[PDB]
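Trainee: no FASTA, just this:
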Ligand SMILES: [Zn+2]
Ligand SMILES: [Zn+2]
Ligand SMILES: [Zn+2]
Ligand SMILES: [Zn+2]
Ligand SMILES: [Zn+2]
Ligand SMILES: [Zn+2]
Ligand SMILES: [Zn+2]
Ligand SMILES: [Zn+2]
């Protein structure tokens, strides 16, 4: 439950490990309880790093909503010079976003939420065999148990 | 790309296999291209089965949005009789929903979308090691390549 | 699940086999989910060939409507064959339509729908003995389970 | 060609025989020539018995509509007492309806109609082999020959 | 008769093979039954791939319109940097469209349609000798037999 | 360049050769530049003979539209031959139309147009192997180079 470094491989043709450092946790009026991680590469601007964020909010209807949002910024290619005669500054071309989003009733239990979670995970991994659902880790704490990091 | 049976284990303490049969594909004005699967258990009403749905829509901003939505209905427990003297009809207590949601620019490539996908999948599986991102299956066709089943 | 060739014998005095190949599936706003099959006799006009169609639609009442429509077109008589040009087959004189139509409530289960189905099938076959109701095949998927071909 | 008892097995997992007694014949403003059968079980009240009904109605443009409608009322399960301290009266939970519906031109012959009939019957029975089309019975008299019982 | 991969060589001076993956099936208000294929090259963004699409639309007076539309987006050549100092994003210069368009009466048979098809094909190939007309493949299913993939 | 006899085999089960002789060239305001060919069977009505037509028109968009339209008329059946008068062949029952239609931008070169052309030709021929795209013949003059017969 305490916030720690996340080591995760991406989905490149040869997957690349990313180390996501904790940025802190807090409460937002729109989003709920928010926890932030970020990679700290010197290759790209600080704001343009691969990042992971978790939101947890009880909606007006009483349904609890959880999200794990992965954002991967992709930079423009700096070439030559601009019309002013200078090398261009780094600029983000676009940011790809892939997230898990859960909607659960107050009555849903840890077992209920964990059960749905692994169906999606297996679908995303093209896995038709039996896989044990994780009961630890920040994702399990958020989706299964409604816990935000600290 | 052609729609086929999906065999997937859930996240119960002892995971249970579910066989999701295709229901068909089509276009909705609100949702985009929609493909539907459903389990066909005689244990529960037809509408109350575990189901999987994929949406794919180009938004007004030009950003393409993809979703894989897993819904698991949980039934009420029928006990005794109601105030009218009859056994109660089956009733859904609540429906848990867990989905993948991707937002991608038109410029994002198959490699870009696949790269983000596997970060989320590994996070959901508490996997800190290297895992090859699937390049086949309905989930990969939707998220990586923007393909809906047929 | 998905469309495949149907092989059926007709009710001629000496019954004849027909092979109905798939024509497609789609969602009509009025008809509902529609799946089409048709026999492909090489010389017979396309609209004169035996065809089979399934409709599935949820009405405003909540009652699900289900139909399996068999249409057998009958042409007029031929007068001859041109010596040098190409010669058309005569126009369709009439089309015979025999269909199963089911109206089921949401509460009705697989077993409920299957139970009524076989009563009608046995009635049409002039069968007073016990016959096991099919649990597979496209007709069972549609009538028993509310599943249209994909 | 006059009304007589009908013995039919249903499509339960272990199929059950039903004896349908003639119930009456009439003419309806909107339905046409109607003939009614009905079971006489002591288990349910009179209105709640399995019933079979045929309709023959001439439409415009020389087309007649023919129906054999099988309706199975499924009863609520009486358990315990109601809020007044009495055992509940029998109540219909829902009624399943499976029917044959034929649209035939006045130009079609007995052979044409009998031919279409058996295609549907074989489809409903999941039968891909040769089966002889019945030439007797109330279903054949109605579908093949446009005969209503009397 | 269901969607599968398509391998086709183009008409470059040294012809290049293209693999078109199934992209989806749908119904359109103005286009009719639509089936879509698309290449998956990593060279261009997703929208800029070579695509193939079939349309089947019933018109008035018993005539159906059938189209196989091949669209090849030709990309602008990215060279140097733009006025902002970045490498230019990929941009479509123009899209070339070559299609088969058939208008067939409901009275035409498989043989009639297949006969016309090969005349055009031989004309496009500058072939004055005898060539056997294909009886399989998505093009034959559509043009000869009015079949859309599913 | 200028109109000459076209010799083409059709797509009958045993393909038959047709000789299409020139009928003329002109400029229609709606259709564009039109060139006509038609087979000249001695006894077949003129409007019942196989014909081939090319249209070329620059649209308002600047897109050039190109069409090669093959029409095969099919007559009704003959009932006899008068003993002493002259006897007419029956009326055309329907006409099958299969055409190539190309939409090209002004920027697209010979090689661009020729490249798409052969994709469609190979698709219509169910050809997965490499085929050299024609650079001569009236179809190539029209589709590759935008040249109508003179
Ligand atoms: Zn990294
Ligand atoms: Zn299950
Ligand atoms: Zn046949
Ligand atoms: Zn009974
Ligand atoms: Zn009587
Ligand atoms: Zn390519
Ligand atoms: Zn399909
Ligand atoms: Zn000829």
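Mentor: Perfect, I can see it now. Numbers count the residues shown, from 1 in each chain, chains lettered A, B, ... in the order given. Ligands and ions are numbered 1, 2, ... in the order given.
Trainee: can you report phi and psi for residue A:105?
Mentor: Dihedral pair for residue A:105: phi -70, psi 160, per degrees, to the nearest 10.
Trainee: stretch A:120-136 close to chain C?
Mentor: No - remark: stretch A:120-136 sits outside contact range of chain C, by CB under 8 Å from any CB of the partner chain, the gap being at least 16.0 Å. In this view, the C-beta of every residue, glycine as well, is placed from N, C-alpha and C.
Trainee: contacts for that stretch, please.
Mentor: Applying CB atoms under 8 Å, 6 or more residues apart in numbering or on different chains, the external contacts of stretch A:120-136 come out as A:100, A:114-115, A:117-118, A:140, A:144, B:6-12, B:15, B:17, B:52, B:68, B:70, B:98-100, B:117, B:120-121, B:124-126, B:131, B:134, B:136-140, B:143.
Trainee: and with 7 Å instead?
Mentor: A:100, A:114, A:117-118, A:140, B:7-9, B:11, B:15, B:17, B:52, B:68, B:70, B:98-100, B:117, B:121, B:124-126, B:134, B:136-137, B:139-140 (CB atoms under 7 Å, 6 or more residues apart in numbering or on different chains).
Trainee: among those, name the buried ones.
Mentor: By neighbour count, with 16 or more other CB atoms under 10 Å in any protein chain shown, the contacts of stretch A:120-136 hold A:100, A:114, A:117-118, A:140, B:8-9, B:11, B:15, B:52, B:68, B:70, B:98-100, B:117, B:121, B:124-125, B:134, B:137, B:139-140 as buried.
Trainee: my guess is residue A:32 contacts residue A:57, does it?
Mentor: Yes - with contacts counted by CB atoms under 7 Å, residue A:32 reaches residue A:57, the gap being 2.9 Å.
Trainee: what about residue A:58, neighbour count?
Mentor: Residues contacting residue A:58 under the criterion other CB atoms under 10 Å in any protein chain shown number 13.
Trainee: burial count for the residue of chain A found nearest chain F?
Mentor: Nearest residue of chain A to chain F: residue A:79, at 25.1 Å (CB to the nearest CB). The tally of other residues near residue A:79 (other CB under 10 Å) stands at 15.
Trainee: residue A:104 and residue A:114 touch, don't they?
Mentor: No - with contact defined as CB under 7 Å, residue A:104 and residue A:114 do not form a contacting pair (10.9 Å).
Trainee: from the chain's centre, how far out does the longest helix along chain A sit?
Mentor: The single longest helix within chain A, with elements called by DSSP state H, is helix A:110-124. Helix A:110-124 sits 17 Å away from the centroid of its parent chain (CA atoms, centre = their mean, to the nearest Å).
Trainee: ok, then the element right after that helix?
Mentor: helix A:138-143 (DSSP states H and E).
Trainee: can you list the residues that contact that next one?
Mentor: Helix A:138-143 is contacted from outside by A:1, A:54, A:56, A:66, A:68, A:100, A:102, A:113, A:117, A:134, A:147-149, B:123-124, B:126, using CB under 7 Å, 6+ apart.
Trainee: tell me how far the residue of chain A closest to chain F lies from ligand 7.
Mentor: 46 Å (CB to the ion, to the nearest Å).
Trainee: now that residue: closest residue in space that isn't a chain neighbour?
Mentor: residue E:81 (4.1 Å; CB to CB, 6 or more residues apart in numbering or on different chains).
Trainee: how far away is that neighbour from residue A:80?
Mentor: 4 Å (CB to CB, to the nearest Å).
Trainee: who's more crowded, those two?
Mentor: Counting neighbours by other CB under 10 Å for residue E:81 and for residue A:80 shows that residue E:81 has the greater number, 17 against 12.
Trainee: which ones are touching residue A:104?
Mentor: A:63-64, A:113, B:96.
Trainee: typed the wrong thing, it's residue A:83
Mentor: Residue A:83 makes contact with residue E:83, according to CB under 7 Å, 6+ apart.
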